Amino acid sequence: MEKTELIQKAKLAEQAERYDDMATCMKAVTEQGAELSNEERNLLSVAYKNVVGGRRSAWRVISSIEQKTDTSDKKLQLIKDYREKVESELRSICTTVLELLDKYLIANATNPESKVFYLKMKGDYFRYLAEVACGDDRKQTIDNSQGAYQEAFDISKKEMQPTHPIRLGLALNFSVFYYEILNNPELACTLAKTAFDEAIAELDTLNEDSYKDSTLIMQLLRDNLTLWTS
């Protein structure tokens, strides 16, 4: 199927909340090898975000039930096996996304904005892997997530305005990484705070649409700031 029809079908699937189909469409689009437009990047990201969020929430539920079950209970084995199944699906999804990022999206990015977007995505999905990682694998997975986040962070500080929604969302997700993966609330707080503060300074120079887009992310930053400082 050609790119135009793939985008049509991806939007149709999005409307139907059939995100597996949407992800398949955007995966084919990406594999066609051309640089994605902002709309196409957004469609890919939405599709895989939902596809992985399903497994993430299911995994949280199952692992919560597991860590609340007596280690001598004969039922524990089934709970653990089911968690492992969900974990395998989650790992497969994240691996597909990271393959798309390495082989196509990062490789062909021709501007710092797309490169920041994709490196942030790499950090995101490595972080999703880190959420469920245990043992030696966890250390390297965390390192991969952090490296992607840090490269994206530096590029965005060099090439983008502090109000750019991509830079702000990168700051948000990086602060989340600090708080949830590295378990360092102070640095996460300072990261979100710095992004927010450096953004308010420039907000008034934007049109109302860019103001809207930036305000949303800044509100998320402040929400996390309030949660973590309590």
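Numbers follow the displayed sequence, beginning with 1.
Visitor: Taking only the CA atoms, which stretch has the higher mean B-factor in the record, 25 to 33 or 196 to 204?
Guide: For C-alpha atoms only, the mean B-factor is higher in 196 to 204.
Visitor: Tell me which stretch has the larger mean Cα B-factor in this entry, 8 to 16 or 212 to 220.
Guide: The entry gives the higher C-alpha B-factor average to 212 to 220.
Visitor: Out of 139, 157, 122, 115, which one has a C-alpha B factor higher than all the others in the entry?
Guide: Among 139, 157, 122, 115, the highest C-alpha B-factor in the entry belongs to 157.
Visitor: Highest CA temperature factor in the entry: which of 152, 93, 101, 133?
Guide: Within the set 152, 93, 101, 133, 133 shows the top C-alpha B-factor.
Visitor: Divide the modelled residues of the chain into thirds by Cα B-factor and specify which third, lowest, middle or highest, holds residue 127.
Guide: Residue 127: CA B-factor falls in the lowest third of its chain.
Visitor: State the tercile, meaning the lowest, middle or highest third, of residue 85 with respect to the CA B-factors recorded for its chain.
Guide: Its C-alpha B-factor, which the entry lists for residue 85, ranks in the lowest third among residues of this chain.
Visitor: Sorting the chain's CA B-factors, does residue 68 end up in the lowest, middle or highest third?
Guide: Highest third of the chain for residue 68's C-alpha B-factor.
Visitor: Consider only the C-alpha atoms of the modelled residues in this chain, order them by B-factor as the entry records it, and name the third containing residue 184: lowest, middle or highest.
Guide: Middle third of the chain for residue 184's C-alpha B-factor.
Visitor: Which third, lowest, middle or highest, does the C-alpha temperature factor of residue 45 belong to within its own chain?
Guide: Residue 45: CA B-factor falls in the lowest third of its chain.
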